[PDB]
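As structure tokens, the structure follows; a few thoughts come after it.
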Amino acid sequence: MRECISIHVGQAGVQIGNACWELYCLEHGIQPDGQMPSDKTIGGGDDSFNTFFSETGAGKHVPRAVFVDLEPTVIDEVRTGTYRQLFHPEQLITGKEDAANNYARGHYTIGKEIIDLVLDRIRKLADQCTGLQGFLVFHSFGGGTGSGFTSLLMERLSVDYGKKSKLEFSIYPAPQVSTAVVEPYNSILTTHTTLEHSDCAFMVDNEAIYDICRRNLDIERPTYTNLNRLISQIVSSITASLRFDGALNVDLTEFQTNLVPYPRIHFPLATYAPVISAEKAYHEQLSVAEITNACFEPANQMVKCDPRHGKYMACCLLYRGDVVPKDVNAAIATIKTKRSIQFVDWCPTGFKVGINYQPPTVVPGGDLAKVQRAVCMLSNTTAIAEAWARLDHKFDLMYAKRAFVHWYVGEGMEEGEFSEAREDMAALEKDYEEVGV
Amino acid sequence: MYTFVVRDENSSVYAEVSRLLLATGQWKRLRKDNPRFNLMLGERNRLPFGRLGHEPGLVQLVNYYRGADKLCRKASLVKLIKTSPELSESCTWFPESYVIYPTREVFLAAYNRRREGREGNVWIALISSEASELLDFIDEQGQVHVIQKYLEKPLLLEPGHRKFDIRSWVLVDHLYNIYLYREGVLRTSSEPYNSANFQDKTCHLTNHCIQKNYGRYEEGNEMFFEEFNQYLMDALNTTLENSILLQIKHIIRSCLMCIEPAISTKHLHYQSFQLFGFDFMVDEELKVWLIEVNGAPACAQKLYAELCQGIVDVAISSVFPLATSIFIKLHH
Amino acid sequence: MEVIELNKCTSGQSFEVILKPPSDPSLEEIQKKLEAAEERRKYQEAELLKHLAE
Amino acid sequence: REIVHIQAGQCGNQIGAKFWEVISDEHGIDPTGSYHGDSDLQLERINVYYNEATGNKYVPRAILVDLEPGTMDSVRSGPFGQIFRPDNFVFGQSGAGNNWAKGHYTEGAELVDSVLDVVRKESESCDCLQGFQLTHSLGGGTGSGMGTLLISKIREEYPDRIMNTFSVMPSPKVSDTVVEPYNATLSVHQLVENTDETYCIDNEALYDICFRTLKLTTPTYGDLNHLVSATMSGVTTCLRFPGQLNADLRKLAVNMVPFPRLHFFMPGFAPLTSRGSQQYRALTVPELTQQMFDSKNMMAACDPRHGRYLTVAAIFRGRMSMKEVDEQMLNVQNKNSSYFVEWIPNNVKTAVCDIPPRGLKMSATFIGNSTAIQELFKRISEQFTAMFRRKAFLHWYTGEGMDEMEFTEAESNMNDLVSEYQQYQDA
Ligand SMILES: Nc1nc2c(ncn2[C@@H]2O[C@H](COP(=O)(O)OP(=O)(O)OP(=O)(O)O)[C@@H](O)[C@H]2O)c(=O)[nH]1
Ligand SMILES: Nc1ncnc2c1ncn2[C@@H]1O[C@H](COP(=O)(O)OP(=O)(O)CP(=O)(O)O)[C@@H](O)[C@H]1O
Ligand SMILES: Nc1nc2c(ncn2[C@@H]2O[C@H](COP(=O)(O)OP(=O)(O)O)[C@@H](O)[C@H]2O)c(=O)[nH]1
Ligand SMILES: COc1ccc2c(c1)CCCN2c1nc(Cl)nc2ncccc12
Ligand SMILES: [Ca+2]
Ligand SMILES: [Mg+2]
Ligand SMILES: [Mg+2]
Ligand SMILES: [Mg+2]
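Protein chains in written order, with PDB author numbering: chain A, 1 to 437; chain F, 1 to 103, 128 to 149, 161 to 247, 252 to 362, 372 to 380; chain E, 6 to 28, 44 to 74; chain B, 2 to 428.
As structure tokens, then:
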């Protein structure tokens, strides 16, 4: 057994972390006080779920997690919420004034004063690990803390944990729920600085999650709570192999090996099905073939884009519920004949499949219906670069006029970091084009 | 009001479609780079499909199918037919073609049977009967090009003994309905057909531009369906519908149904339509052959008003409705 | 379809399906860039206080 | 995230008092400072504007400044006058005579240090001071001259805090003295350099609204201040109430101000209401949205169709469909996209607050950074030059030690501000 430490940075990272750990507790039978009746080894163990939970002598199962935000109101809700007993106070870190939607304020001005404290709190968890594998880092692209402080934290983690894998769950900005007009700046700045320090990053476009909630959950105006419960389901599907017995994606290193053949192109596309409303009184349970076929509909992706017009480098299918390999292979044979699934020429055309028999868990009173079977597809397709093209275009429009640049320069950043960051993105988009034509 | 942007000022078709939209009073034109548009009349190269369908509160439509180039480039068309089982290696309405990369593997294998049975053995790039002289031409150029069997026995109009090609305009809407404009046009050669030398190629190349005697038998070397049909009746005792148009509809349907999975926008966050130009060649036996597909065609001055008005009715107002049909729907 | 490396446990199973084969900065540099940025902030603030003193 | 409020001069203290009346009622605080409200959303962010006192009393973090006692006596006599900390009353006796030089250089200089003493005491009690908001007029002497002197000194002692002002622009339609263009031009020069955000409250617009729209034939300052207090309550909603945004003054500045000098906002309000008269039909979300963007609802006498919007912040208050709000706001941008600069994508942000202001079931407040605000500064620049070309009335200022050069400099900077706004209206 090898431990994983989760780090949640900024409002988006913290609130998504809340949703994930709530779901983790429900999936493992861990109560809000940290007790786990099914765990017969009191005070310790090297079970699969111990990758995410440590144990006290009193039988408390404590998330291997740190929450950090430059302002306290969001993490204060964790300190007084349903799962307040779950976390030790020292893993919940807050300042008093946030990055004001400003990457440079989060990375330089305010981040320089709290980075050492955060690394010391992370060191405290690392010392409880017999064989730490790496980190899972949750944050927004658009927030000043989520972008600015995350990139600083990621750099230092490479220095202090050089041999450790680092995975990201990143919230890509969407105007329908976005908060700041400068989020394209913060996204490009943080992506540039973080690119070489991340082994694998799962982007979630709030636009995709928003529309999925409106379309399939019949929520007219989804809130963060609606979005995060859906995101936590996808995050759970992705991390289930780390928390449960199995042969696929059992260590963070395996994510890179299975999903990322080139280091810089390390942004797999997540596609999830089925998303069914709890309110719907009559539902027809979808078969293996139907939910698998849904993995190739852009409407079910975490980022809207067209994989038919890109190339695949890797594809994993993560099933939960009543699924046997025979039906998966049958569904795949049909799908291959009716869909445009092109792989790069230097990669085999194949699916890596994992099945957990336990069907997806849903939070009581939530919006998601209980389903008999679900699947999350992780495909590394060049089509995801459409999202970079979109982001870089918005960046170019504002930066051509230097709009808002004075706010970043005023925090100690140099104008040249804007163009340096943008050039890295131009190279990234070029990489995706070489691999996809 | 509905909003639209114009990003290909060189399009005669959509220049006319702009005016019609403005003339309705319910359409406003924005500047090229304004993102809050309902309709994009996009550029022809590097159209940013990835930026479409991400504007909250705007249903967005574009006049091009992403992925339709696979059909509208000569090299890609040949690959699409040889490798797609729906069309297949032995498709009856596409001439033998081979893709040749200029610094040929199997082309010489067929050309060397050509010398066996002493059959017609002229090919096209640009026309020749000797391979090693068209290949000196391919490589002294630079880009890729296809070499295709030149049809030696075409149908010749009388009087004149003339060669011709048929251009059909086909509109595909956001629902992937396939609409064949009822008006076609024959692009005739004002020169008599000479099969004794292909070096002189004004009687072989039927392009309206390459006809710089031009305008003799009919205005602008354009014979339309009304007259061409009456000709087929007087001359050959048949109709345009029976002898030619059935095969043309079959070919159009086949091509577009083959790529529908790859280019359909049915469940996409943006919507597409596109106007295609299919070019057909008719042989001595009233047999139709597909020559190529144009993804950004122009029209004939006679037909601009009617066809462009039809694009608005079928492709634009169907998605953005306002406050007898000239198309034949090819069913599938 | 080639089905390989099938592994079965009580919790589920995993396997692979093939259709077709193929055709950092140091702590020192971080500390300096953070200090360089802080130098620029303090320079800009000293310029303001100079201007306010005038 | 505490805000320190400062009100200076006659106008500043009169709109400042009404502001505290309006938001005190919205938060359920009475003239004695005791909270007798019904909802806890009233108290969640009460500390932004109120200190807590012995006995669960709420004391506005407000400092009242003037060079003459008269208006401040009226405030302490006013309905809520007993809620302010008595030590936060700082006044002289000589008055400023509608003379910027007196407020900035002579009379004001004698009093400014004792105002900074009160500011320092209020700031030191702050858990984490956001910054300051100043209410003042630009056409007088104390709020204009001493107010901008305070802003300068406040920036010197708190260079990393946000400075926000509600600045009343003079108008010959509502005018006390001919020297108001002089005082306003000198003040705008200060505001361009030493505030992060300035709400341009134009007495010209306030008069026109009372006259043309509210059908008041002879509006008083009390009628003008009714529009001001409703606007000030609106634009501070996201500071005072817990929303999706958790907004503060710095985030407002970061997102609204693409270039540091262009930080002068056009406020707007809907529905437009007169005092002591209640209309009974609530506005639908479409009507709220269309009115809030209407030039007739703008508090700065500028035609928004004469420029382009750099950024916009819109706040809807009341019980309404947020889905309908999103659709209507998207409708405005999509149908009028030429008036929103294309080089700042998605430059219109919306917030919703369930609590409506007193007397209304739904309201909308508009905050616009429009290049059309240059019309306001051009107007003042023309009135300034009409007198300055003859050096008329200058002796009131040279008598306090000022030189003509300083007038020439303020004129040039404001004309620069005008041309800088023009630069981005053509882009
Ligand atoms: N999906 C999701 N997105 C969120 C959530 N909270 C914020 N966001 C998104 O994150 C972006 C803003 O970043 P935040 O995380 O709120 O900001 P921050 O990291 O706390 O940084 P500062 O507040 O600027 O110091 C916007 O695009 C929001 O849409 C959330 O709970 N779920
Ligand atoms: N296999 C073939 N057999 C006989 N004639 C052929 C032929 N291929 C092409 N041609 C003749 O050459 C002419 C031009 O060929 P082609 O259509 O490929 O060029 P092009 O792309 O410039 C015209 P467009 O783009 O309008 O379709 C045709 O009109 C036809 O008369
Ligand atoms: N809107 C509004 N404007 C005022 C009020 N009182 C004065 N003014 C304007 O402010 C300017 C006079 O400044 P004033 O505040 O009275 O002088 P000060 O005491 O020296 O700051 C003129 O432009 C007046 O029209 C008021 O109560 N409301
Ligand atoms: C143009 O983009 C913008 C404009 C303004 C703002 C933001 C982005 C992000 C958060 C801060 N912010 C706001 N701040 C405050 Cl105090 N009140 C607001 N009321 C309505 C809307 C926004 C408000
Ligand atoms: Ca145990
Ligand atoms: Mg935050
Ligand atoms: Mg062509
Ligand atoms: Mg007065």
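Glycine included, each C-beta is placed from N, C-alpha and C at the ideal position.
query = Which residues, taken in chain order from the segment 288 to 312 of chain A, show a beta carbon closer than 8 Å to some beta carbon of chain F?
reply = Near chain F, meaning a CB-to-CB distance below 8 Å, the residues of the segment 288 to 312 of chain A are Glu297, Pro298, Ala299, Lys304, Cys305, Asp306, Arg308 and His309.
query = Do the segment 333 to 351 of chain B and the segment 375 to 384 of chain B touch if we need at least three Cβ pairs shorter than 8 Å?
reply = Contact between the segment 333 to 351 of chain B and the segment 375 to 384 of chain B is absent, with fewer than three C-beta pairs closer than 8 Å.
message = I need the boundaries of the alpha helix (DSSP H) containing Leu30 (chain F), first residue and last residue.
response = First-last for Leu30 (chain F): undefined, no H or E at that position.
Listed by chain order, chain A residues near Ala57 (chain E) by CB distance under 9 Å = Contact annotation for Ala57 (chain E) against chain A: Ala104, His107, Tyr108, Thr109, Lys112, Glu411, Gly412, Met413 and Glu414 [CB-CB distance below 9 Å, chain order].
inquiry  = Considering just the uninterrupted stretch of the alpha helix (DSSP H) at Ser76 (chain F), what are its terminal residues?
reply    = From DSSP, the alpha helix (DSSP H) with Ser76 (chain F) extends over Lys74 to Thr83.
ask   = Which residues of chain A have a Cβ atom closer than 8 Å to the Cβ of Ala301 (chain F), listed in chain order?
value = Residues of chain A passing the Cβ test: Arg308 and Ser340.
query = Is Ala333 (chain A) close to chain E, meaning its C-beta is less than 8 Å from at least one C-beta of that chain?
reply = Yes, because at least one Cβ of chain E sits closer than 8 Å to the Cβ of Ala333 (chain A).
Residue environment, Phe172 (chain F), which counts as buried when at least 16 other CB atoms sit within 10 Å = With fewer than 16 other Cβ atoms within 10 Å, it is exposed.
key: Proximity winner among A:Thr179, A:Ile171 and A:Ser178, relative to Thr190 (chain A) (alpha-carbon distances)   = Per the Cα distances, A:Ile171.
request  = Step through the CB atoms of chain A and report whether any lies within less than 8 Å of the CB of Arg282 (chain B).
outcome  = The C-beta of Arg282 (chain B) comes no closer than 8 Å to any C-beta of chain A.
task = Using beta-carbon positions only, say whether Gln131 (chain B) and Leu44 (chain B) come within less than 8 Å of one another.
result = With contacts defined by Cβ atoms closer than 8 Å, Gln131 (chain B) and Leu44 (chain B) do not form a contacting pair.
query = Relative to ligand 7, what is the chain-ordered list of residues with a Cβ closer than 6 Å to any of its non-hydrogen atoms?
reply = Counting only residues whose CB is nearer than 6 Å to a non-hydrogen atom of ligand 7, the list in chain order is F:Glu331 and F:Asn333.
request  = Look at the alpha carbon of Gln280 (chain B) and the alpha carbon of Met293 (chain B), and state the distance between them as a whole number of angstroms.
outcome  = If I take the Cα positions, the gap works out to 17 Å.
ask   = Taking the DSSP output, what are the residues bridged to residue 1 (chain B)?
value = No answer is possible for residue 1 (chain B): it lies beyond the span of chain B, which begins at 2 and ends at 428.
message = Could you tell me which whole beta strand (DSSP E) segments of length 3 or greater appear in the segment 381 to 432 of chain A?
response = Segments of the beta strand (DSSP E) lying fully in the segment 381 to 432 of chain A: there are none.
request  = Put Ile152 (chain B) into one of helix, strand or coil per three-state DSSP.
outcome  = If DSSP states are grouped into helix, strand and coil, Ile152 (chain B) belongs with the helices.
ask   = If you run the structure through DSSP and keep just helix, strand and coil, what is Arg19 (chain F)?
value = Collapsing the DSSP output to three states places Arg19 (chain F) in a helix.
ask   = Any beta-carbon of chain A closer than 8 Å to the one on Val193 (chain B)?
value = It does not: the Cβ of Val193 (chain B) has no partner Cβ on chain A nearer than 8 Å.
query = Can a CB atom of chain F be found closer than 8 Å to the CB of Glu183 (chain A)?
reply = Judged by the 8 Å Cβ criterion, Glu183 (chain A) is not in contact with chain F.
DSSP beta-bridge partners of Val353 (chain A) = The partner list for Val353 (chain A) (beta bridge, DSSP) reads A:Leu317 and E:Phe20.
query = According to the Cβ coordinates, are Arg320 (chain A) and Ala374 (chain A) closer than 8 Å?
reply = In this structure, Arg320 (chain A) lies near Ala374 (chain A), with their beta-carbon atoms less than 8 Å apart.
message = Can you list, in chain order, the residues of its chain with a C-beta nearer than 7 Å to that of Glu16 (chain F)? Leave out the 5 residues immediately preceding and following it.
response = So the list reads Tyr343 and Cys347, once near-sequence residues are dropped.
query = What does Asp205 (chain A) pair with, by DSSP beta-bridge criteria?
reply = Answer is A:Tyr172, bridged to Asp205 (chain A).
query = How big is the Cα-Cα spacing for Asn14 (chain B) and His227 (chain B)?
reply = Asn14 (chain B) and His227 (chain B): Cα-Cα distance of roughly 14 Å.
message = Can you pull the chain B neighbours of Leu69 (chain E), defined as C-beta to C-beta under 8 Å?
response = Neighbours of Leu69 (chain E) on chain B, chain order: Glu157 and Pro160.
ask   = Would you call residue 1 (chain B) buried or exposed, if buried means 16 or more other Cβ atoms sit within 10 Å of its Cβ?
value = Because chain B spans 2 through 428 in this model, residue 1 (chain B) falls outside it and cannot be assessed.
key: Counterpart residues of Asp200 (chain F) in DSSP-defined beta bridges   = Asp200 (chain F) pairs with F:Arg222.
Interface positions of the segment 155 to 177 of chain A facing chain F (Cβ-Cβ less than 7 Å), listed along the chain = So the list reads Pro175 and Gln176, given in the order they occur along the chain.
Pairwise C-alpha distance: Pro274 (chain A) and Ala254 (chain B) = Taking the Cα positions, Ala254 (chain B) is about 43 Å away from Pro274 (chain A).
message = Does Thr130 (chain A) come out as helix, strand or coil in the three-state DSSP assignment?
response = Looking at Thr130 (chain A) - three-state DSSP - the assignment turns out to be coil, as it is neither helix nor strand.
task = Just list the beta strand (DSSP E) runs in the segment 292 to 362 of chain B, keeping only unbroken ones of 3 residues or longer that don't cross its boundaries, in chain order.
result = Complete beta strand (DSSP E) runs here, min 3: 310 to 319 and 349 to 354.
key: Chain-ordered neighbours of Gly42 (chain F) on chain A, where CB pairs are closer than 8 Å   = Within chain A, no C-beta atom comes nearer than 8 Å to that of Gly42 (chain F); the closest sits roughly 15 Å away.
message = Could you tell me the alpha carbon to alpha carbon distance between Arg264 (chain A) and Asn333 (chain F), rounded to whole angstroms?
response = C-alpha separation (whole angstroms): 38 Å.
request  = Tell me, please, whether the CB atom of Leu72 (chain E) is closer than 8 Å to any CB atom in chain B?
outcome  = Yes, its Cβ sits closer than 8 Å to a Cβ of chain B.
request  = With hydrogens ignored, establish whether the beta-carbon of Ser340 (chain A) is closer than 7 Å to any heavy atom of ligand 1.
outcome  = With a threshold of 7 Å, the Cβ atom of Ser340 (chain A) does not count as near ligand 1, since no heavy atom of the ligand is closer than that.
message = Does the CB of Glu10 (chain E) have a neighbour CB from chain B at under 8 Å?
response = Chain B has no Cβ within less than 8 Å of the Cβ of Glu10 (chain E).
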